[PDB]
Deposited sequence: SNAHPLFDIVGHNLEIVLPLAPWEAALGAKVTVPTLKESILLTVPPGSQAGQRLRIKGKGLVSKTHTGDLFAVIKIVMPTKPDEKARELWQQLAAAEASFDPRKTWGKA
């Protein structure tokens, strides 16, 4: 619905990325108050990282736009996808997502 959170002269938008998009990096089209812009997501990006799109905030002074990464998942994988997910789980076995607890 409304796409932007207003924080002072800045704008923030939730940027949904497929997990492979965050891991590999990707070039994504992101909407602004006027026209869309191509944003380069760096490889290895994390949930919640703020990608700054300088100059695309409120043109009061001219603020920035921040695309805040949220990782989104496709639906239940089919068998081919599961096998790959299992390999990746094995590949990244050292990763502890609940290191806090």
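Trainee: Counting from residue 1 of the deposited sequence, where are the gaps with no C-alpha coordinates?
Mentor: In the chain as deposited, 1 to 3, 64 to 65, 107 to 109 carry no coordinates.
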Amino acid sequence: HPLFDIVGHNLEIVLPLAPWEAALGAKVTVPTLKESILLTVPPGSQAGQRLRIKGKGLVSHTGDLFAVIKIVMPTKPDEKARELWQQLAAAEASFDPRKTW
From here on, numbers count along this sequence of modelled residues.
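Trainee: When the C-alpha temperature factors are averaged for each of 79 to 87 and 8 to 16, which stretch ends up with the higher value in the entry?
Mentor: The recorded data point to 8 to 16.
Trainee: On average, which has the higher Cα B-factor in the deposited entry, 64 to 72 or 47 to 55?
Mentor: Of 47 to 55 and 64 to 72, the stretch with the higher C-alpha B-factor average is 47 to 55.
Trainee: Which third, lowest, middle or highest, does the CA B-factor of residue 37 fall in along this chain?
Mentor: Tercile = highest for this residue's CA B-factor.
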